[PDB]
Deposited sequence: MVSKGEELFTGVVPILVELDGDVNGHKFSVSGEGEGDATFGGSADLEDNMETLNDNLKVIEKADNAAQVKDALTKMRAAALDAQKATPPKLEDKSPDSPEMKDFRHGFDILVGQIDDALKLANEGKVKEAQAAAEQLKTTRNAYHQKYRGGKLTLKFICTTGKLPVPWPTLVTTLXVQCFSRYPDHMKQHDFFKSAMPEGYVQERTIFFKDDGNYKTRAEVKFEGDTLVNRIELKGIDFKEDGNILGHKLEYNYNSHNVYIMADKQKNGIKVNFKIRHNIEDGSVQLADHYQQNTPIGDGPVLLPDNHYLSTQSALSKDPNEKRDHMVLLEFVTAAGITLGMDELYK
């Protein structure tokens, strides 16, 4: 059926026309997605350890906490180094790709030791700053070896963007989520293809204006395309959106999905958390429905959720206003 069109890498194109508070603009993006699910219990678990202990470091007060945490990551690293990631199952253990994979953890352990030295000395601040640089390695290596890669570069084609890039992330292809083999009957998104689906949202920015978006996601030839119109009203000119007070980063979220039998579709809600420069957080409340375009039948799911992670970055050679996006996403909430 429609999931078959996602079994390999798929080229993507994104076009957005926006008007916020009268500020018109256009964003155009291209890239690819890779929705196939493959998983390793061992890596999953090593990666959980790594992930949790980084957060412990970020919030820690004293060196004792940071040392303890860094030591635990180091074990996970060396253990993760012996695994075979799902993306490289078919590769020889001594292949160039598997060597690079292992080399990724040689860098990572190197960086951890750097952070250990600073921690042992009592330099908690400096250690936390050295712990941050691990993220760069994670991002580089996730982009080569982690499953479900969605990758896209977006350019503001009308010049300077009058809203922060982070606020447009959600709007700018949930058909590229990884549904685990047992949850494949709950994947509305892929099921609707190639005729595709209409995706509508209202996004309420706490104590500021709202965005209201309408989009068509469908295959145009071999490309999965996402085309959106977006109106923003009621934004405050010294607010976080129009005042450009949002940090250039993105958090991880749960996206809650349920069937909407009335509309042969799905209703969807979540709350995006946008970090602000001063240290505060600004909530973006998402209300969403999806409706098929075609008359063909479509999988209506049970309650479940998508778990998301995103890295935002820049192309050092790009002079236009832009955003590079790396994103991994997995359906969850239903066992065997």
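- Residues of the deposited sequence lacking C-alpha coordinates, numbered from 1, fall in the stretches 1-3, 176, 341-347.
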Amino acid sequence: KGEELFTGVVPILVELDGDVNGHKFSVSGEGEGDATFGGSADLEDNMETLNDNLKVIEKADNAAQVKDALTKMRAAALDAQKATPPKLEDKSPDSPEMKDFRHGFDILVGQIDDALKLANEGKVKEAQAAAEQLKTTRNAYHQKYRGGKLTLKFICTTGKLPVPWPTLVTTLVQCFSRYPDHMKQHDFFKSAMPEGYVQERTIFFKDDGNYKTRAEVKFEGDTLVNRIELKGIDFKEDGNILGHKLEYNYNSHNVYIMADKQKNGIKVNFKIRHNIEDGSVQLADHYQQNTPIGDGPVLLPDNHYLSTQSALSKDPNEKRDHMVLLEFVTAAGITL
From here on, numbers count along this sequence of modelled residues.
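- Stretches 53-61 and 275-283 differ in mean CA B factor, with 53-61 having the higher one.
- Stretches 62-70 and 300-308 differ in mean CA B factor, with 62-70 having the higher one.
- Ranking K236, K160, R178, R102 by the C-alpha B-factor listed in the PDB entry places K236 at the top.
- When the C-alpha B-factors of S95, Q128, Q174, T151 are ranked from the entry, the top spot goes to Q128.
- For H142, the recorded CA B-factor ranks within the lowest third of the chain. Only modelled residues enter the ranking.
- Sort the modelled residues of the chain by CA B factor and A332 lands in the middle third.
- Remark: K91 belongs to the middle third of its chain, ranked by C-alpha B-factor as recorded.
- Compared with the other modelled residues of the chain, the Cα B-factor recorded for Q185 ranks in the highest third.
- Split the chain's modelled residues into thirds by C-alpha temperature factor. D295 is in the highest one.
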